[PDB]
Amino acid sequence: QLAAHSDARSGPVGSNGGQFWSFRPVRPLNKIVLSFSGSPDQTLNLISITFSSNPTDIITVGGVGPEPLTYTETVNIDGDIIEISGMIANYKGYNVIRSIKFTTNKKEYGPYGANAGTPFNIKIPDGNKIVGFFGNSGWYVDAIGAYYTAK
């Protein structure tokens, strides 16, 4: 028997939330869907984030609550994610993730979401890429951290 390995982690950032969640697919996590209530002209409220690498490897964090989704944004990442960032602010009594941006060596995706709050940055040791995420969530996305491994 050869001992199995578990990827290093960066984070989480954010606050304690109802449930722990973790998603680290074998294949490149390359598609993210952000869902919000509200509207662009009257502030977008991040409710849930859906991460996937393909049709049968996907997770939805936050969005457990009844609040109807009004707006969705699909992001297709074509490269290796090396950092994510965003803002944290209160929403209906909880400190949640309100905006998020993803950064690869080539380009940047976002920020998506609200514009106010306290900033967070999840970076990883040089020579690595982000291959999964974990955090705390319930009706909203409370905390988030990333799994990383060598490029």
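Numbers for residues come from their place in the sequence shown, where the first is 1.
Look at the mean CA B-factor for 125-133 and for 5-13 in the entry; the higher one is 125-133. Looking at mean Cα B-factors across 26-34 and 104-112, the upper value is held by 104-112. Taking the deposited Cα B-factors for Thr50, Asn45, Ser85, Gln42, the highest one is held by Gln42. Split the chain's modelled residues into thirds by C-alpha temperature factor. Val61 is in the middle one.
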